[PDB]
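One structure is given below, encoded as structure tokens.
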Amino acid sequence: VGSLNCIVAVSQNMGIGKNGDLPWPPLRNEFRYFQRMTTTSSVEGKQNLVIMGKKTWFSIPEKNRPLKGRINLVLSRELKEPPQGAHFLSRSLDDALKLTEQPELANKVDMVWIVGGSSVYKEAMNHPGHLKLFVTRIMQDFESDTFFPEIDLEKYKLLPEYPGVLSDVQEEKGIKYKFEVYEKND
Ligand SMILES: NC(=O)c1ccc[n+]([C@@H]2O[C@H](COP(=O)([O-])OP(=O)(O)OC[C@H]3O[C@@H](n4cnc5c(N)ncnc54)[C@H](OP(=O)(O)O)[C@@H]3O)[C@@H](O)[C@H]2O)c1
Ligand SMILES: N[C@H]1N[C@@H](N)[C@@H]2C[C@@H](CN3CC[C@H]4CCCCC43)CC[C@@H]2N1
Numbered sequence: 001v002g003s004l005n006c007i008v009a010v011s012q013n014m015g016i017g018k019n020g021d022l023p024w025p026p027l028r029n030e031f032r033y034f035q036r037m038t039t040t041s042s043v044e045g046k047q048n049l050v051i052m053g054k055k056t057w058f059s060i061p062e063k064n065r066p067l068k069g070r071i072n073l074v075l076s077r078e079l080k081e082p083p084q085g086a087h088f089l090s091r092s093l094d095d096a097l098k099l100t101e102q103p104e105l106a107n108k109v110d111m112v113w114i115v116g117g118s119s120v121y122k123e124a125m126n127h128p129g130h131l132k133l134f135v136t137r138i139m140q141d142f143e144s145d146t147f148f149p150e151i152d153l154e155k156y157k158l159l160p161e162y163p164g165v166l167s168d169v170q171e172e173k174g175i176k177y178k179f180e181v182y183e184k185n186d
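In PDB author numbering, the protein residues as written are 1 to 186.
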């Protein structure tokens, strides 16, 4: 498997969700970026793996599940099989990664993107080795009930730039946001 990456949209107050949905009104271009990042594979004939916790899967509108063109893995210690529309179920993040290594997912998957939620991020983030964080900074405060964990800037470096990622402040529905890329190697 290729690169291990995390992707998240965060408010100023570090919020990522409120009552099973996003704290802000839907930003279509933000969603378009998330689609593009997570779906594009750096290698022909391969596909990306999207790993998400159970609540994340159920918060995605049904019309949008499973995330098309990607292998959809749901994490849960309570499900007996993958939910309707999902491809794989794992009981922990290491089994999800161990499975990428089964000759089955082997060489079909180039990259694996953690798309949420809190617990999954927190864990990927402390995971050892090379990891990139694609962070959309939502430049305002939004009442949230779920939060993104602290980024340790002694380990994660903000990159000056990245191919395919706009460096300019974006604006939509009068909300300003910016895209950032962080990298770690420990
Ligand atoms: N703004 C954004 O970028 C963004 C990104 C994603 C989600 N969201 C929002 O954030 C919220 C969902 O967040 P969340 O943190 O509550 O949910 P989550 O992490 O998606 O779901 C937590 C459930 O997932 C399973 N799980 C999670 N981590 C696991 C692990 N390491 N091993 C095994 N199972 C694990 C457990 O399922 P069992 O209990 O079944 O064991 C746990 O109850 C929703 O509001 C969603 O709308 C926002
Ligand atoms: N940058 C970025 N990081 C992500 N991981 C994102 C997860 C996406 C998952 N979706 C699509 C529609 C959703 C409704 C409610 C909750 C979650 C939902 C939403 C946009 C994301 N953007």
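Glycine residues also receive a C-beta, built at the ideal position from the N, C-alpha and C atoms.
Rounded to the nearest angstrom, what separates residue i and residue j at their Cα positions?
i, j, result
"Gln-47", "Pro-128", "24 Å"
"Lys-54", "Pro-26", "21 Å"
"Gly-45", "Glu-150", "36 Å"
"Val-135", "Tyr-156", "12 Å"
"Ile-60", "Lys-98", "26 Å"
"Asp-110", "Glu-154", "28 Å"
"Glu-172", "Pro-103", "43 Å"
"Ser-11", "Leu-105", "34 Å"
"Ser-76", "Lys-68", "21 Å"
"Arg-32", "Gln-140", "20 Å"
"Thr-39", "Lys-63", "17 Å"
"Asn-72", "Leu-49", "6 Å"
"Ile-7", "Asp-21", "16 Å"
"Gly-174", "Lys-108", "40 Å"
"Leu-89", "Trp-57", "11 Å"
"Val-43", "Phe-142", "38 Å"
"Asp-186", "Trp-24", "34 Å"
"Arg-36", "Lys-80", "31 Å"
Indicate the three-state DSSP secondary structure (helix, strand or coil) for residue i in the structure shown.
i, result
"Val-43", "coil"
"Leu-105", "coil"
"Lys-54", "helix"
"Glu-180", "strand"
"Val-135", "strand"
"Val-120", "helix"
"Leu-49", "strand"
"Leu-159", "coil"
"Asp-94", "helix"
Between residue i and the rest of its own chain, which residues show a CB-CB distance below 8 Å, the 5 nearest in sequence each way excluded?
i, result
"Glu-101", "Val-1"
Might you give, ordered along the chain, the residues of its own chain that have their beta carbon closer than 6 Å to the beta carbon of residue i, omitting 5 neighbours on each side?
i, result
"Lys-184", "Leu-131, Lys-155 and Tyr-156"
Tell me which same chain residues have a C-beta within less than 7 Å of the C-beta of residue i, skipping the five on either side of it?
i, result
"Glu-161", "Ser-167"
"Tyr-121", "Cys-6, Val-8, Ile-114, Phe-148 and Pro-149"
Count Cβ pairs between the segment 9–29 and the segment 115–123 that sit closer than 8 Å; are there 3 or more?
yes
- Evaluate contact between the segment 142–161 and the segment 75–95, counting only Cβ atoms and requiring at least three cross-stretch pairs below 8 Å. No, because fewer than three Cβ pairs between the segment 142–161 and the segment 75–95 fall closer than 8 Å, the two stretches do not touch.
field: Those runs of the beta strand (DSSP E) which lie wholly inside the segment 5–46 and span at least 3 residues
entry: 15–17
Taking only runs that begin and end inside the segment 62–89, name each unbroken beta strand (DSSP E) of 3 or more residues, in chain order. 70–75
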